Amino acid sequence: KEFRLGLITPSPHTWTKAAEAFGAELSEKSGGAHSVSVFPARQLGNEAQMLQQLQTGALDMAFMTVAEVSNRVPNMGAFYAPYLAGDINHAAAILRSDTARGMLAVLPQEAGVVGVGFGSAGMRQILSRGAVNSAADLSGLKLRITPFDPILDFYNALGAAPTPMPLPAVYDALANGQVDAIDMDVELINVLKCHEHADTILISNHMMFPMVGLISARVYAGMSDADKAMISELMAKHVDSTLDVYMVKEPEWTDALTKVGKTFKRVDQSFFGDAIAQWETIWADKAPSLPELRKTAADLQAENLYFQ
């Protein structure tokens, strides 16, 4: 079978490279019986469209933001609690936990997909065209976000003017004033060069940004038992590999952003004032897994169960 795998990330992106590597290994491990054609950069549609077609089985596979999945499955919102993870190594440990993996079990019924495991991209940061000395400076700023509710809620609590926008439009929107600021990670701030029309880079690490490897449940059901096991395990390995890339590269991409001539500041949870508490109130009855995920995150940190 020639499977198709969609992503929204550009070609240089870690996810796209991981999907290509998965595709190569599947071809080899299957003795050429199967192949994967990778379609990055939104070639097959936006993420919402891709999920619709995973659900029907018109699309076989995706490396998808958990952000999009949360639009369909609001419990995935739990991963976006601000400052749940203290850094990318903590985030990776959370995403590998039994608590997190247990949350995947609902996906075949609730979204028509099998989730094999979690990967991630980088922590979320803020880039702005003007000075930002306190959270009050975010008030009324047209601020680009990924189109999902957890981040919309965070910025609405802060009083910004969040504006959903997909990746390809972001650079131009900054350059032309359609937005004043963006929510982004350091990999894409580097790759998309969004720092070019920014004044201030705020390294806030305010939210994690998980990824999930998905197989259409309709397609999975048509696979032989041997292939269900082999393909899901292999995909899980490649999804998991992204966590180690970000563990290594996150501080490297961050340091590169000290060399682009802009005002560079690190801020912590206190910077955001009451927005974190407001977010909790919004999400308490939307994402029932949140208390258990918070306990898991706290235990990983207390036990020093990651590189820190």
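In this text, residue numbers run from 1 along the sequence as written.
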Using the B-factors recorded in the PDB entry, average over the C-alpha atoms of 133-141 and of 187-195, then report which stretch comes out higher. 133-141
279-287 or 62-70, whichever carries the higher mean Cα B-factor: 279-287
Of the options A173, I231, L167, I126, which has the highest CA B factor as deposited? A173
Per the coordinate record, which of the options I215, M223, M207, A100 holds the highest CA temperature factor? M223
Record-listed C-alpha B factor of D180: chain third: middle
Please place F264 in the lowest, middle or highest third of its chain by C-alpha B factor as given in the entry. middle
Hey, what third does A298 fall into on Cα B-factor, ranked over its chain? highest
Entry-reported Cα temperature factor of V219, expressed as the chain third it lands in: middle
Lowest, middle or highest third of the chain for the C-alpha temperature factor of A105? highest
